[PDB]
């Protein structure tokens, strides 16, 4: 995206144009959070073992 | 209000720093022939530093 800060995207692009860059930030952070949760479930199986 | 401009490659630039250039005089609303804008209008630049 253009900037990692959402406020820079909201204060720059129009509401129709901002939806393109905001979806890139959300989907990327969803994958970053899902990867974290997936890795924690793997470490959960290791610590329970 | 300048008398004449330069060429496309000769473009004259005036560097004035800080967040705000001028909020008092705004011709951005229906004052000229053709408006093609990106980002925010000069009216919305008052909140951007």
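Cβ sites come from the backbone with ideal geometry, for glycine too, and all protein chains shown count toward neighbours. Computed from the coordinates by the stated procedures, all read-outs in this text should not be read as laboratory data.
Can you say whether residue B:44 is within 14 Å of chain A (Cβ to nearest Cβ) and without any contact (Cβ under 8 Å) to a residue 12 or more places away in the chain, as far as the supplied structure shows?
Working: within 14 Å of chain A (Cβ to nearest Cβ): yes; without any contact (Cβ under 8 Å) to a residue 12 or more places away in the chain: yes.
Criteria met by residue B:44.
To keep it simple, each residue is scored yes or no on (1) more than 14 Å from every other protein chain (Cβ to nearest Cβ); (2) within 27 Å of residue B:49 (Cα to Cα).
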residue	(1), (2)
A:1	yes, yes
A:8	no, yes
A:13	no, yes
A:16	no, yes
A:26	yes, yes
A:36	yes, no
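Of all the residues that make up the stretch B:11-31, how many are within 25 Å of residue A:15 (Cα to Cα) and more than 13 Å from chain A (Cβ to nearest Cβ)?
Count: 10.
Run residue B:38 past the list (1) surrounded by 10 or more Cβ atoms within 10 Å (Cβ to Cβ); (2) within 13 Å of chain A (Cβ to nearest Cβ) and report the number of the one that doesn't hold.
(1)
Assuming residue A:25 fulfils every condition listed in (1) surrounded by 13 or more Cβ atoms within 10 Å (Cβ to Cβ); (2) assigned to a helix (DSSP H, G or I); (3) without any contact (Cβ under 8 Å) to a residue 24 or more places away in the chain apart from one, which condition is it?
Of everything listed in (1) surrounded by 13 or more Cβ atoms within 10 Å (Cβ to Cβ); (2) assigned to a helix (DSSP H, G or I); (3) without any contact (Cβ under 8 Å) to a residue 24 or more places away in the chain, residue A:25 misses just condition (3).
Conditions (1) in contact with a helix residue (DSSP H, G or I) (Cβ under 8 Å, 6 or more places away or on another chain); (2) assigned to a helix (DSSP H, G or I); (3) in contact (Cβ under 8 Å) with a residue 40 or more places away in the chain; (4) surrounded by 11 or more Cβ atoms within 10 Å (Cβ to Cβ), marked per residue:
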| site | (1), (2), (3), (4) |
| --- | --- |
| A:1 | yes, no, no, yes |
| A:8 | no, yes, no, yes |
| A:12 | yes, no, no, yes |
| A:20 | no, yes, no, yes |
| A:30 | no, yes, no, no |
| A:34 | no, yes, no, no |
| A:41 | no, yes, no, no |
